[PDB]
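Some notes on the structure that comes next.
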Amino acid sequence: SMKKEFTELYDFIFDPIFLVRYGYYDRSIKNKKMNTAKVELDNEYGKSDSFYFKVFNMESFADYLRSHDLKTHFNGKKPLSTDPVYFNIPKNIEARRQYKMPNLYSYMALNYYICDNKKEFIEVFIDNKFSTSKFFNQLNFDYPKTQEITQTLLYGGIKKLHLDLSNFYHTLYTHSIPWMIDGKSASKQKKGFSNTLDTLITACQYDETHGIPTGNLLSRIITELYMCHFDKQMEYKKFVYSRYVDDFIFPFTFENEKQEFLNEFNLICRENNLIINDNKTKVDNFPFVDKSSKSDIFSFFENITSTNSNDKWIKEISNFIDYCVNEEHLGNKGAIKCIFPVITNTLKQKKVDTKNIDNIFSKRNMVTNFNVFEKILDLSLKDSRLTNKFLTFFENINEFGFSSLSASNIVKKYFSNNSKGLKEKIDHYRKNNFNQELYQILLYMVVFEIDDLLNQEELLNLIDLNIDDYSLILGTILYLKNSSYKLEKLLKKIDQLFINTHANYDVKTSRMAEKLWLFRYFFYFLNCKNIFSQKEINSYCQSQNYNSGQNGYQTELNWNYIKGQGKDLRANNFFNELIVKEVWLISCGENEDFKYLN
Amino acid sequence: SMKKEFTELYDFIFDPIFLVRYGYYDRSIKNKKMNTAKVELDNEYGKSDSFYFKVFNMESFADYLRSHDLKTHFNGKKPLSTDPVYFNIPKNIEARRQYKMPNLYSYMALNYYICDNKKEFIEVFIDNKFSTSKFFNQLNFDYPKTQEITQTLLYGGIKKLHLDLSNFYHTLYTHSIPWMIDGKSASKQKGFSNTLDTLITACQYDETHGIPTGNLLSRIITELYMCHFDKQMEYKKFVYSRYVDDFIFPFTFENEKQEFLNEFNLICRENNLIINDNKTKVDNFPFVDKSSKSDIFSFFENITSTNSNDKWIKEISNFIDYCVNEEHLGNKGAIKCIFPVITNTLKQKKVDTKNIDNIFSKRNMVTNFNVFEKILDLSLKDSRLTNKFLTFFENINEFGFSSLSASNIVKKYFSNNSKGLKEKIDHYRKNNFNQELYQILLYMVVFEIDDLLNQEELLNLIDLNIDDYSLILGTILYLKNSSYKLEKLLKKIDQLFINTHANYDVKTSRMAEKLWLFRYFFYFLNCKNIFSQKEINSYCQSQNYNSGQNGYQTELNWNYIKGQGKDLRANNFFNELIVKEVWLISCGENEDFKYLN
Amino acid sequence: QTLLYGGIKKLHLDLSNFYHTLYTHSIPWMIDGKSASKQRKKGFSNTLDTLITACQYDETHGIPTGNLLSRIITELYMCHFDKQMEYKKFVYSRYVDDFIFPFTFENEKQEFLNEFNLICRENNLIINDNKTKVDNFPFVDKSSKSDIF
Amino acid sequence: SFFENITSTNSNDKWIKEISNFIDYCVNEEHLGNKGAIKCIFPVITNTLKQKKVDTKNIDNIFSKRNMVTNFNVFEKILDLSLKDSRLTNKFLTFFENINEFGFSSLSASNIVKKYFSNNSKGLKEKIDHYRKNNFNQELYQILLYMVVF
DNA sequence: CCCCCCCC
DNA sequence: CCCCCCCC
DNA sequence: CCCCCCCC
DNA sequence: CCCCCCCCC
Ligand SMILES: [Mg+2]
Ligand SMILES: [Mg+2]
Ligand SMILES: [Mg+2]
Ligand SMILES: [Mg+2]
Ligand SMILES: [Mg+2]
């Protein structure tokens, strides 16, 4: 029944290996049988809107976890205050949203706690009746099903009321969590479940309390419980509504029903320091607006056949992209995100010949220079949140017959033509800390083997402060892929960065508790694998006259010296086990060549 | 010079006795001579927009400070975390603001620190160039002078960019105060700012979300924060005018605008500040100016004392409508000018004392219209006008308006609108619009309104989700009625004290918890024996309370409560105040809880 | 489509009554140069002008629209416009008098407008300010005929 | 009818304040579509002085007082106003040329304008280079003319 | 995995 | 000419 | 030169 | 104290 199939989903999700194999990057699997014991690093089962699975994933760390028990490292209390990877992405054309990717250690510390107390989450979730985000887009709980749950919650409503909470994730006071779960008066009196959660959550953001570290499934799960206690307080007051995260739909029929619900709603926000986004408060009167019909979109290619001209397919695809971008302008939320899936599905459904698919996306018209793949590429450069979608779209038409080389050339030519504008855009993303925008360009260059855009001086200028770890890793990979460039200059800019950021901390702080922990692990891993010639390391170390001991060179570059520095080594000893067992957090590639297409 | 007048302002403000006598309730005096050694019981020298001076003031505590030195009592470490008075006021008809009135002990600790390190405030203040809010509306630093400062900052500007920070005080991340004063990266590693943060948190029970807003100390702390925001923008060759969180950036080319916006956002993102995108506008030249009061101040330029009293009634009544409509159009603060210019016009036009009684206490037999009843009714449409209305009444009282006639007029209002007022009272309770409640209760105690709430309705005010101030007023209302038995009131107060202590570690001292003001008010009265000690021992024997060396072992007995906590630094502070007969609430001239002349 | 790449926004710019208000004597200016034109006959530019005015009784207000010769001369004129703009590292798409300027920073839209207005004042061209509009991504497009066809 | 209530008895500060308030009133009036309101600033300030018969030394101090607290000067504000529309170049200069004959010291007029140029030297040079590049002829003429006049 | 594709 | 059709 | 002042 | 009176959080 309903109670049965609910618990199947939750007994599945609440598993430490699942919450890092798919939770760290907020990935989602449709079927349980996709949780293979193999690494399965090449192909994608699940999807995510965040980071490229091929270059950044946990499949190596996951395969370690089902062969080794790591809870030993976390069984103690008093967790370590680690610094996350601050990664800032856009919200509109003129607004932003701040992700924080927590240090893997303090993440697993929080992960194991949530699982050791799965009951305090699950039994509240299954009893809850208003939330359509408590499924986390997981398993068979797709968009049509969350929509269908909302429809039954809005019966009897001549009108609908909308409320959105303003910057809910990033303005959340962490100490509000014991208030919502246990009661504000009960928390004023220590060492409970809510209190221990609060201290583990802040451990992932260097003990700061303004906001939650958003960007992973754990934050999603913790956020859903906080709002499910909201839902429970409103159920006591005999209210009924639908809710997806911070977005409410209250159905009513008389103005007083609305004002009653509005007042009891404000009392809960006042009590828990939540701010109602007033620009988004709206009452919909029947006949009800609904500007989200995808029927016209999904039926765009109805009258096209495999027998249609390759030029016909080119024009219709290009036509279709413009139709959806216009539909998003009219308020059809998600219409642009649908461009990639339906082009993929339509080619498959119409069974276009694999040779004919190459021509469609390879054809550069010598009359107008139009290549439809170039158009899709340029589209994706208009919202860096489309990065994974464009890359999996290429992945799909690639395995359909689009020449990996043809695609690499088209992308190369696009960068060549827009060289001036992209350089200008990079300097902007660097000065104003637009991470994902810089990430997208760097990820495109490493993936499509682009080498003409930046020189070595312009590449080393990327290895600097106020750059996310993901961009640094990508920029490092770009430097290494040119064999002509000498590693000596790269080691200076990297070591200079490592010393500079370690200086801001207390001198007794372990380096794996600091910033740049992911880029640090990436470097130490490549160094232990000796991608950096141990000789070419000693050459640099002697240009700075670095003292030496039995650990090796006393440099931030040497992991063996770093592995011991600091009073609390629980983090260093954590990432130590990972380096020894050659667990990677960044994927070298199929041939370990840092090439990512076939 | 310009810095010559600043240094004199700040050497005066940054004095701990001034910062509580005029800063706790955010008062303002126009002359340094107004800081008299005497307790100004009948002189409202200062101006405030928060709490009625005649009832809630620090003049007695200020008097104790001139004699004793409490810097000795406060020197130490790890300050005690106290719970403030949560007092919620409106922002507009549909919005609210959250004032937090800090425990006196925690407040004074912050006050002494700021003064011992006034150097770190004053040095940044004098050096500042962009802030017109850094004068805190004191001395000869009036609105016209601040506008004159802004005008010289907007030269060379064809356009003005307007930028407002969203929910600034309440959303201000406290730990970001070290970030702006000494840098964020350096803060990863217990200096000046690192301790100012922990003194601030201890005023709001170690909450790090928001600043205790409603007093001068928080305005100065907020100002340092933004004055460092200013130094960062000054290093980038930017010029603008700022008042608290509201910026005016003059520019000419769209280059300069986007240049300014990009840096502005970086500073904001770094310190968890949020920009109110709705109040973001650009004024192209010719510039709008919807805030000119020239027509308001010259409203009475045509009327004289020779004119009929009925004409004065009409022009005043038509003047109130002119200003309320001008506030509608965007002339910000126009309603706040109604009371001053009426008072200043009456004085300047030299209106006789007997005429003022007749102008303001006349009842049209035809229309039942009384102009003072109108002004009162206006004051109840925005509870942030309570102090304005009462200081206005205080002024026409001294000019001739009979205290008796005024009390009768308000009494009549409350009788006509018993249905509505009792609806609004029970509304403000259920939604913690606790200022709107404080106003009604304050009008009742001041104007002697004994016919609105019965005994039961008053007792049902002594509950939780009621702020200390309205609690004190509701208790006063009960006491002002002799025929109400003091026994029932105790049972509501004892139950209330008992219920809020249950929310704490049993080792917590009561004077560190919530309701610290109401507790002090009650304890002071019991020590003064206002609560008949025979009538106290009667209630305790009813509850079968045990009796010990200090007393009857209840929340009501201060001698027992005095030392029942792990950290008594707070109780020991308030105990000294009770012993020396320092009052935080004025019992009145004859201690009859009456406040009219 | 390929001209508008890299644009998170696109600026629209339409000349007002370009065909009917075009000063014929500005045609030599665009092809050769206003300064050079002061120096003054027998050139290709000047002779083209005279063959044009001869079609409309030696009048210089506007070009006689309705035929293809006027379209061709209009393109040549407007292409020398394009070259002056190309020289300044600007990129856009134009159909006769209708410009589409893709950009990403307001600094660019301003740089572009400043030089655009400079050529327009030099050659007595008028911007139709009613049709000036920027489109922010996601871009509107109402020109779709898919459901019609 | 803006200055009708004020007379010679009022303090120079009052006069300075009221004139400063008056410039804002007309500027806002022009913003509302009151075509010509800004061009009326200069005559009615001149003519109000005549009708009210303010003493010569008062004219100097009104237009020379640098308020020690704000460092505001009402003549400097008038000057900054004229640099917002070049077509006010003559109506500002006749205004000075008028109050110069009313008792305003030219040595102070020159000193006040020179301070403005010293203060906004970066901005003014930036604006000059922008006028040459875009062939804005009157805007440049204004700055150059003020330089030679003052 | 066995006519789907989209919300924070 | 050999499943298109529309912009100033 | 003998009160004013502003439209394009 | 010796005319004034208004911005915010
Ligand atoms: Mg939101
Ligand atoms: Mg604000
Ligand atoms: Mg046209
Ligand atoms: Mg046209
Ligand atoms: Mg504000």
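Chains as they are written, first to last, in this note's numbering: chain P, 10 to 607; chain U, 32 to 628; chain G, -2 to 146; chain E, 4 to 153.
No residue lacks a Cβ here, since even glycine has one placed at the ideal position from N, Cα and C.
- For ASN76 of chain E, the closest alpha carbon among the candidates U:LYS69, U:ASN534 and U:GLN182 is that of U:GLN182.
- Sorting U:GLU301, U:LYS131, U:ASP114 and U:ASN286 by C-alpha distance to the C-alpha of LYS197 of chain P places U:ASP114 at the top.
- Residue pairing of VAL131 of chain G in beta bridges, as defined by DSSP: G:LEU8.
- Residue burial is scored here from C-beta neighbours: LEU489 of chain U has at least 16 other C-beta atoms within 10 angstroms and is therefore classed as buried.
- Shown here, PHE531 of chain P sits in a helix according to DSSP, grouped into three states.
- Around the beta carbon of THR337 of chain U, fewer than 16 other beta carbons sit within 10 angstroms, so the residue counts as exposed.
- With a threshold of 7 Å, the Cβ atom of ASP126 of chain G does not count as near ligand 4, since no heavy atom of the ligand is closer than that.
- About 32 Å separates the CB atoms of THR205 of chain U and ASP173 of chain U; that is not less than 8 Å, and the two are not in contact.
- Beta-bridge partners assigned by DSSP to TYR274 of chain U: U:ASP277.
- From the beta-carbon of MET71 of chain E, the residues of chain U found nearer than 9 Å are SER32, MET33, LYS35 and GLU36.
- According to the DSSP secondary-structure assignment, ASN286 of chain P is paired through a beta bridge with P:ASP173.
- For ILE334 of chain U, the secondary structure class from DSSP, reduced to helix, strand or coil, is coil.
- By alpha-carbon distance to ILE369 of chain U, the top candidate from U:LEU421, U:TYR236 and U:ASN315 is U:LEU421.
- Approximately 5 Å separates the beta-carbon atoms of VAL51 of chain U and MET89 of chain U; this is inside 8 Å, confirming the contact.
- One alpha carbon belongs to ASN375 of chain U, the other to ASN8 of chain E, and they sit about 17 Å apart.
- Close to chain G, meaning a Cβ-Cβ distance shorter than 7 Å, are the following residues of the segment 285 to 296 of chain U: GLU285, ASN286 and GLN289.
- About 5 Å separates the beta carbon of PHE329 of chain P from that of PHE309 of chain P, a gap short enough to meet the 8 Å contact definition.
- Listed along the chain, the chain E residues whose CB falls inside 8 Å of the CB of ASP46 of chain U amount to none; the nearest CB is some 21 Å away.
- Residues of the same chain with a CB within less than 7 Å of the CB of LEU447 of chain P, apart from the 5 flanking positions on each side, are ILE435, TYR438, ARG439 and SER480 in chain order.
- Minimum Cα-Cα distance from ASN512 of chain U among the listed residues U:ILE497, U:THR67 and U:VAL476 corresponds to U:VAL476.
- Nearest CB-CB separation between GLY361 of chain U and chain E: not below the 8 Å threshold.
- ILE135 of chain P is a Cβ neighbour of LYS12 of chain P, given a cutoff of 8 Å.
- Under a 10 Å Cβ-count criterion, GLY364 of chain U is classified as exposed, with fewer than 16 other Cβ atoms of the shown protein chains found around its own Cβ.
- Assigned with DSSP and collapsed to three states, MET65 of chain U falls in helix.
- Against chain P, the CB of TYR204 of chain U has a partner CB under 8 Å away; the residue lies at that interface.
- By the neighbour-count criterion, in which a residue is buried when 16 or more other Cβ atoms sit within 10 angstroms of its Cβ, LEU495 of chain U is exposed.
- Taking a 10 Å sphere around the C-beta of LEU19 of chain G, we find 16 or more other C-beta atoms and assign the residue as buried.
- At a cut-off of 7 Å, the beta-carbon of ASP276 of chain U counts as near ligand 5: some heavy atom of the ligand is closer than that.
- In this structure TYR31 of chain P is buried. Its beta-carbon is surrounded by 16 or more other beta-carbon atoms within 10 angstroms.
- Taking every protein chain shown into account, the CB of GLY484 of chain P has 16 or more other CB atoms within 10 angstroms, so this residue is buried.
- Residue pairing for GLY561 of chain P: DSSP places it in a beta bridge opposite P:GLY558.
- Counting along the chain, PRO99 of chain P sits inside the beta strand (DSSP E) bounded by residues 94 to 101.
- Sequence-ordered contacts of the segment 119 to 135 of chain E with chain U read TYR119, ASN122, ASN123, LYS125, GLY126, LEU127, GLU129, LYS130 and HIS133 [C-beta pairs closer than 9 Å].
- Contacts between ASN378 of chain P and chain G, judged by CB atoms closer than 8 Å, involve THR(-1) in chain order.
- One thing to note: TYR256 of chain U has its Cβ within 8 Å of the Cβ of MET211 of chain U.
- When DSSP states are grouped into helix, strand and coil, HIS99 of chain U belongs to the coil group.
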